[PDB]
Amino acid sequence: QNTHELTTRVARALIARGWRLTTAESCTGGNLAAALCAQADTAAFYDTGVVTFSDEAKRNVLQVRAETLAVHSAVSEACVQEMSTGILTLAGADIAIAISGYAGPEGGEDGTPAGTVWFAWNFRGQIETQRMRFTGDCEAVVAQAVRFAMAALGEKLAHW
């Protein structure tokens, strides 16, 4: 499916609710932020994204706890939860999406297969999470992860 078309649909839905989105990315590299900024009326629902590609950047920018990274690693439910809280609070937004994963071609040092990606969607402190394992080359994994983040948000918006 087409990322720009999906993102159009989900953005109209955020604008309908008057909700503000923010994003924290690691392996997707800024491509989720890029999809949001490519929208016709970005500022009506979005203005802040971060890319925190390493453990220290997650600790520094998003205040992910050292012990969370030590125990669960950055590609984990706990880490995406803490990433989502950190960017929700920094940006003063209503919803935060955090994505942390291995795009490939290499897997995690823990054996986590390439293509594994954790997501969090944090609505005003109510966090839902999901692990996926995408197939394909690293750029395909990134594109699939960006679209999955938005398509799932589009479904969560009514539920909430």
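All residue numbers are counted from 1 along the displayed sequence.
Stretches 22 to 30 and 98 to 106 differ in mean C-alpha B factor, with the higher average recorded for 98 to 106.
Per-stretch averaging of Cα B factors for 45 to 53 and 59 to 67 places 59 to 67 on top. As recorded in the PDB entry, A114 shows the highest C-alpha B-factor of the residues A114, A35, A120, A91. When all modelled residues of the chain are sorted by CA temperature factor, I15 is found within the highest third. In the PDB entry, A78 places in the highest third of its chain by CA B-factor.
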